[PDB]
């Protein structure tokens, strides 16, 4: 897994920003959303998202898909730590199980059901 947010900011920078945003919004989670490398999906204008913890992963799927503006026939899959996250889980629940030491949740999207495919 590779993210352009890590190429732009070292860990010590990411940790300070993720630590401050979590103390300011304890009921929200910071999420980095980027396109998988070999994905044939349009790009997002923004990659840093502040998500309500009670929003489900399925609802987060639909909100990101609308921002990417996909055709109805376009497939879209999400990946957290090389695994498709559960639909019924909340973003706060997914954050607690998968956040990195910089207090960020990293999510990649692609048209393929395998991360690097």
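The term rigid core refers to the maximal set of C-alpha atoms that superpose within 1.5 Å between the two forms. Residue numbers count along the first chain shown, from 1.
Once the structures in 7 other deposited structures of this protein are superposed via the core, the pair 71 to 79 and 87 to 95 is resolved in favour of 71 to 79 as the more displaced stretch (C-alpha RMS). The stretch with the higher mean CA B factor, choosing between 76 to 84 and 26 to 34, is 76 to 84. Mean C-alpha B-factor is higher over 9 to 17 than over the other stretch, the pair under comparison being 105 to 113 and 9 to 17. The maximum CA B-factor among the listed residues 89, 70, 64, 50, taken from the PDB record, is found at 70.
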